[PDB]
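So this first bit is one chain, no partners, the form deposited in one PDB entry, shown in structure tokens.
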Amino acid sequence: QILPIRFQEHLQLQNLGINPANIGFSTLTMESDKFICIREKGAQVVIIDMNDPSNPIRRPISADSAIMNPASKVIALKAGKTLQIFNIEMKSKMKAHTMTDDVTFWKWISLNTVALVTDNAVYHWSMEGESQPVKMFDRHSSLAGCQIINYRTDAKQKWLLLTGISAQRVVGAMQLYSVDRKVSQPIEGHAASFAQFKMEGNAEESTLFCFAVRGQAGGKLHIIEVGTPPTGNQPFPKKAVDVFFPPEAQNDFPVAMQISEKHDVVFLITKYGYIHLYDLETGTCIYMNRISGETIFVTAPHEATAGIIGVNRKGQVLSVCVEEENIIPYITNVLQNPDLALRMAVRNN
């Protein structure tokens, strides 16, 4: 019987000769579906080009972290407080900077900017020119002592979302910062994502903020609009739905979220390797399934299918996306929700 998603295993990194010891959160990064970057220690980095994963380049490094640019052959490296950005094409050092404070988390948040998180603050740093990191906001006390696990922004970079976790059950602490209001709010959540979404009859896109959590009430997914509706817009009615977990999955919680704006669906991944799909508009659950027996510990947008791609602890590179020929009939017949099916068919084709 037909499924509303297509799931694929693209490859297992060990088949490429990659050492399974090097396959985990701290030694393996994937900032986009274009590259996987692995630090292998007798130190070096293995850059896997996903268009051509057979011919990985290996370079010597002395960095404790390496994060490939989402799009181009540009790599950022750090060693303590020392940050450097390198052009692999032109083989040249682009930029360097020495932070006052240790950078405990960093990632590319677009094609040409790095977000830097310290104990203290969050910075954006352009890869271009000579510009220094620009402090975006001070960290809120409720992330104090958390493992920082992510950092998200909306498309305009007007809404910035820092996420940490701690063992206490694993509690999720987010800080949502408004760049125009210059104000932070604390949010209990485990995984989140922004999205653009234009309501029927509205002049302009809404900026949606979606976050999932497993807290005191159990599993919840929230979808809200951030900011004041544009002139010509109705506000987006807040949605709040449950995120189901098994009896076998008492210790599971959300670890990743990607949103397809092509189909307006939320992909959620759980620590135990379940995937869920939710309607972005209503939060209705479309699909759940265990797709991996290991934690998927890094995810990115999967650009070609507008899906989700990730890597699990055993080295499997997996993705999920909407199966566009099955999703409507699946919602009609299997979920028996013909109202949703017609709305999604019309909204997205």
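Sequential numbering from 1, following the sequence displayed.
There is another form of the same protein, the form deposited with a partner chain bound; it is not shown, and what comes next is about it.
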- Task: Consider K271 of the chain shown here, and say whether it contacts the partner chain in the entry with it bound, taking contact as heavy atoms within 4.5 Å.
- Result: yes
Problem set entry | the partner chain contact in the entry with it bound: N69, any heavy atom under 4.5 Å | no
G24, heavy atom within 4.5 angstroms of the partner chain in the entry with it bound: yes
Partner proximity in the entry with it bound: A167 to the partner chain, non-hydrogen atom cutoff 4.5 Å: yes
Partner-free chain; cross-checking the partner chain in the entry with it bound, the single residue of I149, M99, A121, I109 with a heavy atom within 4.5 Å is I149
From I259, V114, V255, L162: within 4.5 Å of the partner chain in the entry with it bound by heavy atoms is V255
